[PDB]
Amino acid sequence: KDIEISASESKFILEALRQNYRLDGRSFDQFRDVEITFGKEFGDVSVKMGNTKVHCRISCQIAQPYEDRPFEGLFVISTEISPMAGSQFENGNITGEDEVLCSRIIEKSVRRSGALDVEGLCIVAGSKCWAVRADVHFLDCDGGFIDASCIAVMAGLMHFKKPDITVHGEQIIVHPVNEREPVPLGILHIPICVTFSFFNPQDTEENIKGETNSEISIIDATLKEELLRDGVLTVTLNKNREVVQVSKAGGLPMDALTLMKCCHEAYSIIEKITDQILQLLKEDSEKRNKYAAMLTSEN
Amino acid sequence: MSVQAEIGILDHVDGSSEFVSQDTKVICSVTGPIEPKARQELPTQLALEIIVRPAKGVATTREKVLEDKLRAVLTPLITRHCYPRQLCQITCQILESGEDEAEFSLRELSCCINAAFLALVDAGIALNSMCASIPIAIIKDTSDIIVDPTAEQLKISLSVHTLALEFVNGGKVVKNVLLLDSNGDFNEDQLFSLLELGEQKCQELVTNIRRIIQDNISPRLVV
Amino acid sequence: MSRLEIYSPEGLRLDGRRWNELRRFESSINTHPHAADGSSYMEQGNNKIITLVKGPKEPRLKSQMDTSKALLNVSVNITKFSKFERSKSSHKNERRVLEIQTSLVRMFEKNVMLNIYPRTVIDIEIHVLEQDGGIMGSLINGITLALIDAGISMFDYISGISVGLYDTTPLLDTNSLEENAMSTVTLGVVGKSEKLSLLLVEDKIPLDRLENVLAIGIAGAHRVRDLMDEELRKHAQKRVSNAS
Amino acid sequence: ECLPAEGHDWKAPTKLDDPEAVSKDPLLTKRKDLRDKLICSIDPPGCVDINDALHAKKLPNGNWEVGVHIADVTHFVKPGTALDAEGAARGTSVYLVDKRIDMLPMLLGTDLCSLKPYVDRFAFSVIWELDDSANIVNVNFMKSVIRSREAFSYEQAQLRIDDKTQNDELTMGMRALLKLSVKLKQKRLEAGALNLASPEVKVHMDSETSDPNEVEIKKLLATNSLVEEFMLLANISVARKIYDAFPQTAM
Amino acid sequence: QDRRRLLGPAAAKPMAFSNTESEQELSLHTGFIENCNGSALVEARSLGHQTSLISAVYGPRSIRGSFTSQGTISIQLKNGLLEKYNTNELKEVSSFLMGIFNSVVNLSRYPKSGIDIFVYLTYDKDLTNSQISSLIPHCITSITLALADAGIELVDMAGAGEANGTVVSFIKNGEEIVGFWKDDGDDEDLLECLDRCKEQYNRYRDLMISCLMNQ
C-alpha cells in the first residue's frame with residue numbers, strides 16, 4: 001500500500017510555490033469552504049470541505065464512573081480509520097503512526113483541554129454517570145482530517161441533547177423521550193485546530209546554515225500537496241484568544257518568528273468559521289422550531 | 001417506495017454508492033481490483049475482503065456475522081474467475097440505524113446488500129446478475145405480515161426476515177435465492193406465503209432500480 | 001488551592017532557583033563500550049536516562065529495507081519505578097508514548113545524512129530511569145549525545161528544554177511539581193539557530209505571552225549545546241593524549 | 001500603588017485617535033465618543049459614589065432612544081492587580097447613617113470613575129430602543145466616554161419630573177422613562193412578582209446634637225421607580241446577552 | 001474492554017462461595033482426533049485428585065523462516081475449564097518440557113520441519129478440602145503417546161515419576177535421568193526421591209506400551 005508520484009511531479013509543485021502558485025486555486029494562506037449539514041438525530045452531522053468528507057456521532061449512556069475521578073462522568077473519542085476513505089490504510093490500525101498523529105491531537109484537543117464539562121455528566125456520584133461516545137468516521141481524504149475531525153466533533157457536541165433523569169437512590173427514572181425533552185450539553189470553550197504545511201524549496205543546509213528564511217507555509221494541504229511536505233504543525237485556539245495546543249513534532253527545521261506570524265493569521269480565519277457554525281446551529285434549531293411551529297399548528 | 005440512491009459520490013475509490021431507504025442511511029465503498037496481500041491471494045478466483053462499520057461503537061462480533069453472510073451473497077454475484085490473484089476490498093458504512101442495534105440487525109442487512117450492489121455498478125466489475133433485498137416482519141399480536149416494517153413494528157413483530165434473490169432476464173426471472181434469513185418463530189405454512197410477496201416485491205424493487213441506474217450513468221456515459 | 005509556594009516575590013523557586021536557571025547537567029560518552037558504539041548517559045537533575053544507539057547495520061528482514069537511506073527506530077522504556085508512585089500497567093504500546101516515538105523520528109529525520117547510510121538500520125534505545133519533570137527536552141539532549149557517541153554523520157547540535165509559565169513569568173527548567181502546577185512548553189531547538197525541530201504545547205496558553213515565551217528558551221537552549229560541547233571536548237582530549 | 005497615576009488632575013483624551021492615546025489605549029478602536037450626550041442622574045444628596053448615567057432621546061422612526069452608561073473601572077482593575085483583590089476581599093461597600101466604608105480607594109470610585117457632571121469619564125454604554133408598548137427594538141453593547149449635565153438629589157429630580165416647567169429635552173427624556181417604567185412595573189408584576197413595602201426607617205440624627213433621639217422614616221417617591229425598572233432591565237437584557245455569550249460561567 | 005469477544009456487561013461479577021503410599025491410576029487412549037496426526041487421551045485419579053488432559057500433534061509443518069538442519073519443537077499449555085494456572089506458571093513448564101524431548105526426538109531425520117504440541121489442561125479435580133508440580137509427569141507421558149501416534153522417530157519411551165513435590169524423568173529403564181525438577185520438600189531426601197519416582201516410571205512405561213502394542 002504505497003502512493004507513487006513521479007519526481008517530475010515533485011519538482012512541479014515545488015516550482016509552483018517558487019512562483020507563488022498552488023494547484024487548488026486558493027491562496028497559500030487560504031482555507032477551504034466548509035459545508036455543515038445535520039442529520040435528523042441529535043449529535044448527527046455531515047461535514048464537508050470540498051473533497052474531504054467526514055462524519056461523526058455523539059451518544060451517551062449510563063455507567064458508573066471510575067475510582068480515579070469518582071466525581072465525574074465518562075467520555076472518549078473513537079477515530080478509527082476505515083480503508084474506505086483511501087486505500088492507504090489498514091483495516092482499523094489503531095497502531096499506525098499517522099493515526100496516532102490524528103489521535104493525540106484530538107485527545108489533547110478535547111479530552112485534556114476539556115471543552116466539555118465532565119462533572120455535568122455526574123448523575124449520582126460514584127453510582128451512575130454518563131458514558132459519552134464520539135465515533136469519528138472518515139469518508140474520503142484530501143487531508144485536513146485532523147482539522148475536520150476537530151470541527152465535526154465540536155460540531156456534534158453542540159447538537160447533541162441528553163434525555164431526562166430523576167433520582168431516588170436506586171430508583172433512577174429515565175423518562176420517555178417524547179414526554180420529557182432531551183437536554184443539551186455544556187461547552188466551556190470551542191477549539192479549532194489548523195493544519196500548517198511546509199515546503200523547503202532548497203536543500204537541508206540552506207535551511208540549516210542558509211540564514212535567509214525561505215520556507216513556504218500553506219493551509220490545508222490537498223492530497224497531492226500533502227505528500228511532499230517537510231514539516232507538520234497544528235495549533236488550536238478559541239474565541240477568547242488563548243492557545244489550546246501547538247504541535248510541531250519534528251520534520252523540517254523552522255524559525256520561531258514565523259510561527260507567531262503564522263498563528264496570528266489562524267485567529268482571523270477560525271473566528272469567522274466559528275460563528276458560521278453558531279448561526280447554523282441556531283438556524284437549524286430555528287428551522288426545527290419553525291417546523292415545530294409547522295407541527296403543532298399542523299397537528 | 002421511499003427509497004433513493006446515489007452513485008459515484010466518493011473520489012479516490014473505485015465504486016461508491018449511497019443507498020437510502022425509508023429510515024436508514026448507509027454508504028458502501030468498493031476498491032478493486034487492486035494489489036492483494038500475501039496471506040490473501042487465490043490462484044484461481046477473486047479474493048474478497050469486506051468491512052462494515054457500524055454507526056455506533058466499534059467493530060465487534062455483532063458486526064462480524066452481518067459481514068459474513070454478506071460475504072456469502074456477493075460471491076456468486078461476482079464473475080470470480082475474471083480476476084485471478086487479485087483483490088477487491090469492499091467497505092460499508094452504517095450511518096443511520098433506523099433499527100435498534102441492540103435488538104435487531106434486520107434492515108441493515110437488507111440495506112447493505114442493496115447498498116453494495118450499486119457501488120459495484122459504479123465499480124463496473126464483471127458481475128453475473130441482478131439482485132435485491134427487503135426486510136419482512138410478522139407482527140406478534142396482529143399475526144399479519146408487513147413488507148418493510150418499522151422498528152416500533154419490530155417491537156411487536158414476532159419474526160424478522162430478510163430475503164435476497166437473484167434476478168435475470170430483464171431482472172424478471174428469479175434465477176436463484178441468495179439469502180433467506182429466517183429469524184423469530186415461524187412454521188411451515190407462513191414461509192411459502194413469506195416468499196410469495198417478496199417474490200413480487202424485490203422484482204418491484206428492481207423494477208424501480210433498472211431505471212435509476214441508467215438515469216444516473218447514461219449522462220456519465222458518452223454518446 | 002496549593003498549600004505551597006510556587007515562585008517567591010523575592011525571585012526564588014522551590015530549590016531557590018531563579019526563573020532563568022538550570023538544574024545540574026551531566027552527560028557522559030562511551031558509557032557502554034561492550035554494548036554498542038553509541039552509549040551515552042544523562043543526568044539533568046534527577047532526570048536520568050541511559051541512551052543507546054545501534055547501527056549502521058543489516059536489517060532483520062529484507063522487507064524492512066530501503067535502497068536509498070537509513071531507517072530510524074525509537075524504543076522508549078518507561079519503567080514502573082520511574083516515578084514516585086509506582087505505575088501499575090506497562091507502557092509498551094501506550095498511545096501517549098507512541099507519539100514521542102513518532103516525534104523523535106521526525107525530529108531526527110533531518111540531522112542524519114540519510115542518503116550516505118543506505119540499506120542500513122539505526123536503532124535508538126531509551127531507558128528512562130529517574131524522572132524529574134521536564135521530561136521531553138531531557139530526551140533530546142540525550143539523543144544528541146548518542147549520535148555523536150558513535151560519530152554518525154550529521155549537521156548540527158540539537159537542543160531540547162521544557163520551559164514553563166507561571167502567570168506572567170517564564171520558568172526555565174521546570175520540574176514535575178511545577179509541571180503539574182502551571183502551563184509549560186518544550187522547545188526542540190537546533191544548534192545555534194532560531195529554527196525549531198520540536199514544538200509541543202499541551203497546556204492552555206494565552207496568546208500574547210508566547211512570542212516572549214519563545215524568546216526565552218533560546219538562551220537556555222544555546223547554553224545547553226554549549227555545555228554539551230566542551231564536556232565532549234574534554235573527553236575528546238582524553239582520547240588522543242593517552243591513545244598516542 | 002495600583003491607582004492610575006494622575007490623581008484628581010486627569011481627563012479623558014479628546015482626540016480618540018491620538019497616537020500616544022493610541023499608545024495609551026490599543027483597544028481604543030472600540031471606545032466610541034458619547035460625550036455629545038445629555039446625561040443626568042437621580043442620586044442621593046448624601047452620595048458622591050454615583051453609579052448611574054442615563055440619557056433618553058427620541059428617534060424619529062416613532063420610538064425613543066435609550067442609552068445608559070455604567071462606569072468603566074474595568075479599564076483599570078485587572079486580574080493581577082491587588083486592588084481588584086481587595087474588591088474581592090472587602091467584597092462591597094457598606095452604607096450607614098454615620099458613615100460609608102467603601103471597597104475602592106476614595107479618589108478612584110468617587111471622582112475618576114464616578115459619572116459626575118461634565119468630567120471626562122470612562123463608562124460602558126448600552127443603547128436601547130423600544131416602542132410606546134415597552135417592546136425592545138435593539139440593544140448595543142459597547143464602551144464610551146461621556147459628558148454629563150448634573151447629578152440630582154432624590155428631591156431635585158422630583159423637582160424636575162412633575163414640575164412641568166423645566167421642560168428641556170433632557171427632561172423630555174426623563175418623562176419618557178417613568179411613562180413606560182409603569183409598563184415595566186406592570187409586566188414584571190404581572191409575570192408573577194411581588195412588591196413589598198418595608199420602610200427600614202432612617203434615623204434622622206439631629207444636626208445640632210451628638211447622640212440620636214429622633215426617629216424618622218425613609219420616603220420612596222416617584223423618582224425611585226423611574227430608574228429601577230431600567231436597572232433590573234440591565235440585570236436581565238444584558239444577562240440574556242451574556243447567557244447567549246457564556247452559558248456556563250456567567251454571574 | 002476487549003472488542004473481540006463477548007464478555008458480558010462489565011459491572012457483573014462471578015458467583016462466590018464460602019465454608020458452611022496411595023495409588024495413582026490411568027486410562028490411556030489414542031487415535032481420536034482427525035485434525036492431528038498424533039493424539040493421546042489421559043485420565044488420572046488419585047486420592048483427592050482427578051485429572052484429564054489432551055495432547056495434540058501437528059507435524060511436520062513447514063517453516064517459513066529459513067533453513068535449519070533439523071526439526072523444531074513447539075509446545076503450548078492451555079487452561080481448560082475450571083483450574084486456572086498462572087500464565088507465567090505455564091511457560092516455565094513449557095520450557096521444562098522442551099529440554100527432555102531434545103534428548104528424545106531424531107530431529108536430524110526431520111530437516112526444516114516443525115513440531116506443534118498443544119496440551120489442554122482440560123479438567124482437574126482437587127477435592128482435598130506447587131499445585132502445578134503435581135501434574136508434570138503425566139504431561140510427558142501424554143506427549144509421548146501422541147508422538148508415537150504421529151509415528152515420529154523417538155529414541156525412548158521416556159517417563160517421569162513423582163515423589164512429593166519432586167519430578168524426575170528417566171530413560172533406559174531408569175538407568176539414566178533426562179529431566180530434573182525439584183520443589184521445596186526435605187533436605188537430602190534425594191535418594192528416596194530416586195526410588196518412588198523410578199517405580200512409578202517403572203509402572204507407567206509399562207502402562208504406555210500396553211496401550212499401543214495391544215492395539
# chains A, B, ... in the order shown; residues from 1 in each chain; ligands from 1
>>> residues_around(residues="segment 26-37 of chain B", least_positions_apart="5", cutoff="6 Å", atoms="only C-alpha atoms", output="PDB file with N, CA and C atoms, in the first residue's frame")
ATOM      1  N   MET A  84     -12.044   2.511   3.468  1.00  0.00           N
ATOM      2  CA  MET A  84     -12.986   3.250   2.644  1.00  0.00           C
ATOM      3  C   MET A  84     -12.454   4.615   2.248  1.00  0.00           C
TER       4      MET A  84
ATOM      5  N   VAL B  13     -11.918   6.258  -4.767  1.00  0.00           N
ATOM      6  CA  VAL B  13     -12.371   4.896  -4.577  1.00  0.00           C
ATOM      7  C   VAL B  13     -13.030   4.461  -5.877  1.00  0.00           C
ATOM      8  N   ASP B  14     -12.884   3.177  -6.216  1.00  0.00           N
ATOM      9  CA  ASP B  14     -13.403   2.677  -7.485  1.00  0.00           C
ATOM     10  C   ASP B  14     -14.920   2.723  -7.533  1.00  0.00           C
ATOM     11  N   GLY B  15     -15.588   2.121  -6.561  1.00  0.00           N
ATOM     12  CA  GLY B  15     -17.035   2.097  -6.580  1.00  0.00           C
ATOM     13  C   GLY B  15     -17.614   2.640  -5.299  1.00  0.00           C
ATOM     14  N   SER B  16     -18.591   3.531  -5.441  1.00  0.00           N
ATOM     15  CA  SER B  16     -19.169   4.218  -4.296  1.00  0.00           C
ATOM     16  C   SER B  16     -20.664   4.355  -4.518  1.00  0.00           C
ATOM     17  N   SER B  17     -21.421   4.176  -3.441  1.00  0.00           N
ATOM     18  CA  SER B  17     -22.865   4.317  -3.529  1.00  0.00           C
ATOM     19  C   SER B  17     -23.428   4.689  -2.168  1.00  0.00           C
ATOM     20  N   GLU B  18     -24.379   5.616  -2.181  1.00  0.00           N
ATOM     21  CA  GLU B  18     -25.217   5.864  -1.012  1.00  0.00           C
ATOM     22  C   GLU B  18     -26.555   5.220  -1.308  1.00  0.00           C
ATOM     23  N   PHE B  19     -26.951   4.287  -0.470  1.00  0.00           N
ATOM     24  CA  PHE B  19     -28.294   3.749  -0.505  1.00  0.00           C
ATOM     25  C   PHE B  19     -29.110   4.327   0.633  1.00  0.00           C
ATOM     26  N   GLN B  86      -5.975 -11.522  -7.372  1.00  0.00           N
ATOM     27  CA  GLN B  86      -6.330 -10.125  -7.200  1.00  0.00           C
ATOM     28  C   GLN B  86      -7.131  -9.936  -5.933  1.00  0.00           C
ATOM     29  N   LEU B  87      -7.452  -8.681  -5.661  1.00  0.00           N
ATOM     30  CA  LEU B  87      -8.240  -8.330  -4.501  1.00  0.00           C
ATOM     31  C   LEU B  87      -9.113  -7.127  -4.783  1.00  0.00           C
ATOM     32  N   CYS B  88     -10.362  -7.233  -4.360  1.00  0.00           N
ATOM     33  CA  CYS B  88     -11.245  -6.088  -4.261  1.00  0.00           C
ATOM     34  C   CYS B  88     -11.667  -5.935  -2.814  1.00  0.00           C
ATOM     35  N   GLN B  89     -11.110  -4.946  -2.140  1.00  0.00           N
ATOM     36  CA  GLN B  89     -11.643  -4.545  -0.852  1.00  0.00           C
ATOM     37  C   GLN B  89     -12.933  -3.772  -1.056  1.00  0.00           C
ATOM     38  N   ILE B  90     -13.972  -4.187  -0.353  1.00  0.00           N
ATOM     39  CA  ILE B  90     -15.256  -3.515  -0.363  1.00  0.00           C
ATOM     40  C   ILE B  90     -15.508  -3.109   1.075  1.00  0.00           C
ATOM     41  N   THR B  91     -16.035  -1.907   1.282  1.00  0.00           N
ATOM     42  CA  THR B  91     -16.268  -1.413   2.627  1.00  0.00           C
ATOM     43  C   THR B  91     -17.634  -0.750   2.707  1.00  0.00           C
ATOM     44  N   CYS B  92     -18.358  -1.043   3.778  1.00  0.00           N
ATOM     45  CA  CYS B  92     -19.677  -0.493   4.017  1.00  0.00           C
ATOM     46  C   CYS B  92     -19.637   0.359   5.268  1.00  0.00           C
ATOM     47  N   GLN B  93     -20.327   1.479   5.233  1.00  0.00           N
ATOM     48  CA  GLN B  93     -20.554   2.287   6.418  1.00  0.00           C
ATOM     49  C   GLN B  93     -22.033   2.310   6.758  1.00  0.00           C
ATOM     50  N   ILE B  94     -22.364   1.837   7.952  1.00  0.00           N
ATOM     51  CA  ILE B  94     -23.645   2.182   8.541  1.00  0.00           C
ATOM     52  C   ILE B  94     -23.573   3.619   9.014  1.00  0.00           C
ATOM     53  N   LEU B  95     -24.407   4.478   8.453  1.00  0.00           N
ATOM     54  CA  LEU B  95     -24.502   5.802   9.045  1.00  0.00           C
ATOM     55  C   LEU B  95     -25.719   5.972   9.917  1.00  0.00           C
ATOM     56  N   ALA B 115     -27.063  -1.599  -0.688  1.00  0.00           N
ATOM     57  CA  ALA B 115     -26.027  -0.591  -0.835  1.00  0.00           C
ATOM     58  C   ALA B 115     -24.887  -1.085  -1.704  1.00  0.00           C
ATOM     59  N   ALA B 116     -24.365  -2.269  -1.400  1.00  0.00           N
ATOM     60  CA  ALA B 116     -23.127  -2.702  -2.029  1.00  0.00           C
ATOM     61  C   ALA B 116     -23.359  -3.133  -3.462  1.00  0.00           C
TER      62      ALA B 116
END
>>> interface_residues(of="chain C", to="chain A", cutoff="7 Å", atoms="only C-alpha atoms", output="PyMOL selection string")
chain C and resi 95+99+102-104+106-107+109-110+194-207+211
>>> write_last_selection(atoms="N, CA, C and O atoms", output="short mmCIF file (atom, residue, chain, number, x, y, z; two decimals), in the first residue's frame")
data_model
loop_
_atom_site.label_atom_id
_atom_site.label_comp_id
_atom_site.auth_asym_id
_atom_site.auth_seq_id
_atom_site.Cartn_x
_atom_site.Cartn_y
_atom_site.Cartn_z
N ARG C 95 -0.51 4.82 23.84
CA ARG C 95 -0.63 5.78 22.75
C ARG C 95 -0.01 7.12 23.09
O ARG C 95 0.35 7.88 22.19
N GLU C 99 3.40 8.59 20.36
CA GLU C 99 3.50 9.96 19.89
C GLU C 99 4.94 10.45 19.91
O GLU C 99 5.42 11.00 18.92
N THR C 102 6.93 8.65 17.39
CA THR C 102 6.81 9.36 16.13
C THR C 102 7.68 10.59 16.14
O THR C 102 8.36 10.90 15.16
N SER C 103 7.73 11.26 17.30
CA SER C 103 8.19 12.64 17.35
C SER C 103 9.68 12.72 17.11
O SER C 103 10.14 13.49 16.27
N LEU C 104 10.44 11.85 17.78
CA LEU C 104 11.89 11.90 17.68
C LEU C 104 12.36 11.48 16.31
O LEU C 104 13.46 11.86 15.88
N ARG C 106 10.77 12.26 13.33
CA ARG C 106 10.68 13.45 12.50
C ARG C 106 11.58 14.56 13.01
O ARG C 106 11.97 15.43 12.22
N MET C 107 11.91 14.56 14.29
CA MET C 107 12.95 15.46 14.75
C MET C 107 14.30 15.06 14.20
O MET C 107 15.16 15.91 13.97
N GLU C 109 14.73 12.91 11.45
CA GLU C 109 14.80 12.65 10.02
C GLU C 109 15.81 13.56 9.35
O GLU C 109 16.33 13.23 8.28
N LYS C 110 16.07 14.73 9.93
CA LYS C 110 16.76 15.78 9.21
C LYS C 110 18.06 16.21 9.86
O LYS C 110 18.56 17.29 9.54
N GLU C 194 17.81 29.97 15.24
CA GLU C 194 16.48 30.28 15.72
C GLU C 194 15.44 29.43 15.04
O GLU C 194 14.28 29.84 14.94
N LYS C 195 15.83 28.26 14.54
CA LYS C 195 14.88 27.36 13.91
C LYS C 195 14.60 26.17 14.81
O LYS C 195 15.45 25.75 15.60
N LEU C 196 13.39 25.63 14.70
CA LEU C 196 12.91 24.65 15.65
C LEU C 196 12.80 23.27 15.04
O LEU C 196 12.40 23.12 13.88
N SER C 197 13.16 22.27 15.83
CA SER C 197 12.78 20.91 15.49
C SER C 197 11.46 20.56 16.14
O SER C 197 10.46 20.34 15.46
N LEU C 198 11.42 20.55 17.47
CA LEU C 198 10.22 20.16 18.20
C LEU C 198 9.54 21.40 18.72
O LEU C 198 10.21 22.33 19.17
N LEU C 199 8.22 21.42 18.65
CA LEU C 199 7.40 22.41 19.34
C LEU C 199 6.12 21.74 19.77
O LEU C 199 5.33 21.30 18.94
N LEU C 200 5.89 21.69 21.08
CA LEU C 200 4.76 20.95 21.60
C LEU C 200 4.18 21.69 22.79
O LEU C 200 4.90 22.05 23.72
N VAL C 201 2.88 21.94 22.73
CA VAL C 201 2.16 22.61 23.79
C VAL C 201 0.95 21.79 24.14
O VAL C 201 0.07 21.61 23.29
N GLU C 202 0.89 21.30 25.37
CA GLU C 202 -0.35 20.72 25.84
C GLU C 202 -1.23 21.70 26.57
O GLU C 202 -2.42 21.77 26.28
N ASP C 203 -0.67 22.48 27.49
CA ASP C 203 -1.45 23.31 28.40
C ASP C 203 -2.08 24.47 27.65
O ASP C 203 -1.78 24.74 26.49
N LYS C 204 -2.97 25.16 28.34
CA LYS C 204 -3.63 26.29 27.73
C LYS C 204 -2.81 27.55 27.94
O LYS C 204 -2.34 27.82 29.05
N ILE C 205 -2.59 28.27 26.85
CA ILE C 205 -1.67 29.39 26.86
C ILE C 205 -2.39 30.62 26.34
O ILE C 205 -3.03 30.56 25.29
N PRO C 206 -2.33 31.74 27.04
CA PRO C 206 -2.74 33.00 26.44
C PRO C 206 -1.75 33.36 25.35
O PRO C 206 -0.54 33.18 25.51
N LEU C 207 -2.29 33.86 24.24
CA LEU C 207 -1.52 34.08 23.02
C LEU C 207 -0.38 35.06 23.22
O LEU C 207 0.72 34.86 22.69
N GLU C 211 5.24 34.86 22.06
CA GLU C 211 6.42 35.35 21.37
C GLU C 211 7.54 35.61 22.35
O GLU C 211 8.69 35.21 22.12
#
>>> select_by_dssp(residues="segment 104-183 of chain C", states="strand (DSSP E or B)", output="PyMOL selection string")
chain C and resi 121-130+158-166+169-172+183
>>> write_last_selection(atoms="N, CA, C and O atoms", output="mmCIF file, in the first residue's frame")
data_model
loop_
_atom_site.group_PDB
_atom_site.id
_atom_site.type_symbol
_atom_site.label_atom_id
_atom_site.label_comp_id
_atom_site.auth_asym_id
_atom_site.auth_seq_id
_atom_site.Cartn_x
_atom_site.Cartn_y
_atom_site.Cartn_z
ATOM 1 N N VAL C 121 20.395 0.278 9.171
ATOM 2 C CA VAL C 121 19.415 0.414 10.228
ATOM 3 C C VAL C 121 20.039 1.234 11.333
ATOM 4 O O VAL C 121 21.196 1.015 11.697
ATOM 5 N N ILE C 122 19.294 2.192 11.846
ATOM 6 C CA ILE C 122 19.678 2.884 13.057
ATOM 7 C C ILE C 122 18.593 2.622 14.078
ATOM 8 O O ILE C 122 17.411 2.883 13.824
ATOM 9 N N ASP C 123 18.987 2.099 15.229
ATOM 10 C CA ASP C 123 18.057 1.822 16.309
ATOM 11 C C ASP C 123 18.481 2.587 17.543
ATOM 12 O O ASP C 123 19.636 2.501 17.967
ATOM 13 N N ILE C 124 17.547 3.314 18.121
ATOM 14 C CA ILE C 124 17.840 4.174 19.245
ATOM 15 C C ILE C 124 17.081 3.666 20.444
ATOM 16 O O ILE C 124 15.848 3.603 20.444
ATOM 17 N N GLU C 125 17.823 3.306 21.465
ATOM 18 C CA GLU C 125 17.265 2.676 22.637
ATOM 19 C C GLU C 125 17.241 3.672 23.779
ATOM 20 O O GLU C 125 18.203 4.413 23.988
ATOM 21 N N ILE C 126 16.142 3.684 24.508
ATOM 22 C CA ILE C 126 15.900 4.650 25.561
ATOM 23 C C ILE C 126 15.692 3.884 26.844
ATOM 24 O O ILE C 126 14.986 2.875 26.851
ATOM 25 N N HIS C 127 16.308 4.341 27.923
ATOM 26 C CA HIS C 127 15.992 3.791 29.230
ATOM 27 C C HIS C 127 15.810 4.908 30.234
ATOM 28 O O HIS C 127 16.781 5.484 30.736
ATOM 29 N N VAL C 128 14.549 5.189 30.516
ATOM 30 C CA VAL C 128 14.155 6.238 31.431
ATOM 31 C C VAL C 128 14.283 5.667 32.826
ATOM 32 O O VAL C 128 13.579 4.723 33.181
ATOM 33 N N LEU C 129 15.204 6.206 33.605
ATOM 34 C CA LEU C 129 15.374 5.646 34.930
ATOM 35 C C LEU C 129 14.711 6.492 35.992
ATOM 36 O O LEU C 129 13.721 6.070 36.594
ATOM 37 N N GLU C 130 15.210 7.692 36.215
ATOM 38 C CA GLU C 130 14.671 8.505 37.280
ATOM 39 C C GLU C 130 14.092 9.724 36.600
ATOM 40 O O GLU C 130 14.711 10.278 35.694
ATOM 41 N N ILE C 158 21.455 19.604 18.413
ATOM 42 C CA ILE C 158 20.022 19.829 18.574
ATOM 43 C C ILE C 158 19.731 19.828 20.063
ATOM 44 O O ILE C 158 20.046 18.853 20.753
ATOM 45 N N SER C 159 19.117 20.894 20.562
ATOM 46 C CA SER C 159 18.879 21.035 21.992
ATOM 47 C C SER C 159 17.397 20.968 22.313
ATOM 48 O O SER C 159 16.556 21.355 21.498
ATOM 49 N N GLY C 160 17.086 20.485 23.512
ATOM 50 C CA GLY C 160 15.711 20.363 23.978
ATOM 51 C C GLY C 160 15.561 20.791 25.429
ATOM 52 O O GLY C 160 16.396 20.452 26.269
ATOM 53 N N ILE C 161 14.469 21.507 25.715
ATOM 54 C CA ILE C 161 14.177 22.018 27.050
ATOM 55 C C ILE C 161 12.700 22.379 27.165
ATOM 56 O O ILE C 161 12.111 22.988 26.271
ATOM 57 N N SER C 162 12.096 21.979 28.280
ATOM 58 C CA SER C 162 10.781 22.448 28.680
ATOM 59 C C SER C 162 10.942 23.717 29.487
ATOM 60 O O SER C 162 11.724 23.764 30.438
ATOM 61 N N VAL C 163 10.192 24.742 29.119
ATOM 62 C CA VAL C 163 10.189 25.992 29.857
ATOM 63 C C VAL C 163 8.750 26.307 30.224
ATOM 64 O O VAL C 163 7.867 26.282 29.360
ATOM 65 N N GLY C 164 8.506 26.574 31.498
ATOM 66 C CA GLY C 164 7.150 26.741 31.965
ATOM 67 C C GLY C 164 6.751 28.186 32.178
ATOM 68 O O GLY C 164 7.586 29.083 32.249
ATOM 69 N N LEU C 165 5.439 28.395 32.292
ATOM 70 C CA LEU C 165 4.857 29.712 32.539
ATOM 71 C C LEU C 165 4.033 29.665 33.815
ATOM 72 O O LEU C 165 2.965 29.054 33.854
ATOM 73 N N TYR C 166 4.546 30.294 34.857
ATOM 74 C CA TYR C 166 3.733 30.771 35.965
ATOM 75 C C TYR C 166 3.366 32.194 35.590
ATOM 76 O O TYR C 166 4.185 32.887 34.989
ATOM 77 N N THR C 169 5.347 34.817 34.190
ATOM 78 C CA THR C 169 6.779 34.722 34.320
ATOM 79 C C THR C 169 7.282 33.411 33.734
ATOM 80 O O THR C 169 6.783 32.339 34.086
ATOM 81 N N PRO C 170 8.238 33.459 32.858
ATOM 82 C CA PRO C 170 8.776 32.230 32.287
ATOM 83 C C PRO C 170 9.564 31.450 33.313
ATOM 84 O O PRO C 170 10.172 32.039 34.205
ATOM 85 N N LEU C 171 9.556 30.132 33.207
ATOM 86 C CA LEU C 171 10.376 29.296 34.070
ATOM 87 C C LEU C 171 11.183 28.339 33.228
ATOM 88 O O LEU C 171 10.676 27.302 32.794
ATOM 89 N N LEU C 172 12.427 28.712 32.995
ATOM 90 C CA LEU C 172 13.426 27.782 32.525
ATOM 91 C C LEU C 172 13.552 26.610 33.480
ATOM 92 O O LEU C 172 13.622 26.789 34.699
ATOM 93 N N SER C 183 1.344 26.121 33.342
ATOM 94 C CA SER C 183 1.450 25.835 31.926
ATOM 95 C C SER C 183 2.903 25.811 31.467
ATOM 96 O O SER C 183 3.697 26.681 31.831
#
>>> interface_residues(of="chain E", to="chain B", cutoff="12 Å", atoms="only C-alpha atoms", output="PyMOL selection string")
chain E and resi 1-7
>>> residues_around(residues="residue 222 of chain C", least_positions_apart="3", cutoff="10 Å", atoms="only C-alpha atoms", output="list in words")
residues 157, 158, 159, 160, 189, 190, 191, 192, 193, 194, 217, 218, 219, 225, 226 and 227 of chain C
>>> atom_distance(atom1="atom CA of residue 176 of chain B", atom2="atom CA of residue 104 of chain B")
26.3 Å
>>> residues_around(residues="residue 211 of chain E", least_positions_apart="5", cutoff="12 Å", atoms="only C-alpha atoms", output="JSON, numbers by chain")
{"E": [26, 27, 28, 29, 30, 31, 40, 41, 42, 141, 142, 144, 145, 146, 148, 149, 204, 205, 206]}
>>> interface_residues(of="chain E", to="chain A", cutoff="12 Å", atoms="only C-alpha atoms", output="ChimeraX atom specification")
/E:9-11
>>> write_last_selection(atoms="N, CA and C atoms", output="PDB file, in the first residue's frame")
ATOM      1  N   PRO E   9     -21.884  -7.571  30.222  1.00  0.00           N
ATOM      2  CA  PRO E   9     -21.739  -6.248  30.824  1.00  0.00           C
ATOM      3  C   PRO E   9     -20.720  -6.283  31.950  1.00  0.00           C
ATOM      4  N   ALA E  10     -19.990  -5.176  32.086  1.00  0.00           N
ATOM      5  CA  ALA E  10     -18.792  -5.150  32.912  1.00  0.00           C
ATOM      6  C   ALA E  10     -19.095  -5.239  34.396  1.00  0.00           C
ATOM      7  N   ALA E  11     -20.173  -4.610  34.849  1.00  0.00           N
ATOM      8  CA  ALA E  11     -20.435  -4.498  36.278  1.00  0.00           C
ATOM      9  C   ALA E  11     -20.927  -5.789  36.913  1.00  0.00           C
TER      10      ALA E  11
END
